[PDB]
Structures are given as C-alpha cells and as structure tokens.
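Shown next as structure tokens: one chain only, the form deposited in one PDB entry.
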C-alpha cells in the first residue's frame, strides 16, 4: 500500500534538504506520497495559528516530515515549531545521538537518546514586562506533562532495549518546578524496576557528557534542558548535519524533523547536509512499520559516509548537497 505524509518544507535550508530526502525516497521506491503544505506562514487571526491547509493535511494523514521553520530573534512571530507541537500534542521529542561509523570525531561509540518534554517548560510563550526594564519569563511544569514524558521515556527504553534512564533537572535551583518534574519521574521509575534509574543535575551532565559520553543512556528533561543537551551531544558525533529527531504524540501522531534549524548562512548555496532530515525520515519509516525501506535508505547514507569521496562541507568535504544526495540515491537502487 501507499501512504501520504504531510511535507512542510520550511524556511532557509529546509527546501533543499526536503527535496533531497524526497529524491532519495523516489530512488528507494518507498510507498510514500508527499502532500506539501507551508507552515512557514504564521497568521494572526489575538491568537496565532498554522494555516488551515497544513492543519487539515496533518489531521488527515497524521504523519509529518518537516524542515526547519525560522523564528525571529527578539522581534516578530512566535515559534511556529512550538505551535505545531502544541496544536498536535506532540508531547515527546526523541533525539537519539549515535556515532557514525565512517566519520571520525574525538568521541567514539556515542549512543545517547535525549528525550525532551516538548510542550511546556521555559518554552511556553509567556512573558510579561513587569515595569519598564523588568521582564519576567514564565516557565511551567505540570504533574500530568511530567508524568507523561517520564512514562514515555521508560517505555522508549523498553522498545529499544536501553537499560538506564537519567532524569536531568535543576531541582536544587528551581525547587518547585524541577522538583515536581523529578518527583514524577521517581514515581514512574518505581513502577518500572526492570529499568535502572538515576538523576543528575543538568550542569553535571554537561560537565560529564563532554568528558565521557560512555556513562549515559536515555535522558529525560523538561523542554529547555533537552533543547540544549541535544545540541551539546550533536557536537559529539559530527554536528547539526547528522542529528535526527521526531515529535511524538498519542495514537501514532508524529512530525519528524531534524534537530538543526534554518542554517541562514548556507541557505542559497548547495552546501547543506540532508542526512539529518534523512535519518529522521528513516525514523519516520520505522514508525510506520516500513522497516525494509528504512533499512536500505539508512544503509545507503551510512555506506555513502563510510566511503568518503562525496561528503558534504560540514563533514570534511567539497561536495555540493545535490552531489551528495545523488550518491545516496545511486547506492539505494543497487
């Protein structure tokens, strides 16, 4: 059977990397049809919203693949990524970090999964100018979201045969909010003794992660911590050009995207790395139970990387993004 995935190409470098992965999908003869709509437009109706056509495509198809959306610095419209995740209750962000065999970095055999609460934390859209020159941004942690992401991560650890979950938090500094996040992970930890559990302050994790990534497995944090730690560990294995992600909700609703943003400094050119959005479309295929297409698409990009010859700029190469994609497609088909 053939299934339809909503495609949001996104801003900056997103249109070129989507084209890439689409093109690699046709090469691999995947049972995928793309329905293209643009969440890039942000519309003011007080409320901010996703254009009607994107909302219906997702509600019809309930699989998404998406390039980065630009969010203005200190000025314009709110994150339409935040908006996407909240309007579809994509409460779990899944950011595995795994060493790429044929690409050498100073760290070896990194196998990290950052699991980040996607809906609340310091990434609520809530700030208030108290008086002139005094701003208060509001972080929000709730029982129900904290319990739910903790259940997700213990459950993820079983699905992928991971053995430890680490609650990452700052409950010393923020006693009420992180306290509630951590107390709720302790509870789900006590209901799943088949999984070894521990907790670590966020600074300590980053102080250790860069020294010995060997010590970590699955990570759970509220929103703002997971955002930062997942970029931290992208540094370990090759950078923001290889690191996939997926926004998971209930009932098999999900939008897959790479961890990286828009890359405005390499946008017009053909320098992008698509393996990030590729590897997340690989997550997307496995989510859909299309395992044997996922296996080949993956195997090809890795083989393409373990060779050398055609690696993109960010991985020590001279190759255009187009040139890079063609070698993946060449390797699929055979």
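Positions refer to the first chain, counted from 1. Rigid core: the largest C-alpha set superposing within 1.5 Å between the two forms.
Keep in mind that the form deposited in another entry is missing from the display, and what follows is about it.
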{"item": "Per-residue C-alpha change between this form and the one not shown, residue 187, threshold 2 Å, rigid core fit", "value": "no"}
{"item": "Displaced residue check between this form and the one not shown: residue 251, CA, 2 Å or over, core reference", "value": "yes"}
{"item": "After fitting the core, residue 311 CA displacement of 2 Å or more between this form and the one not shown", "value": "no"}
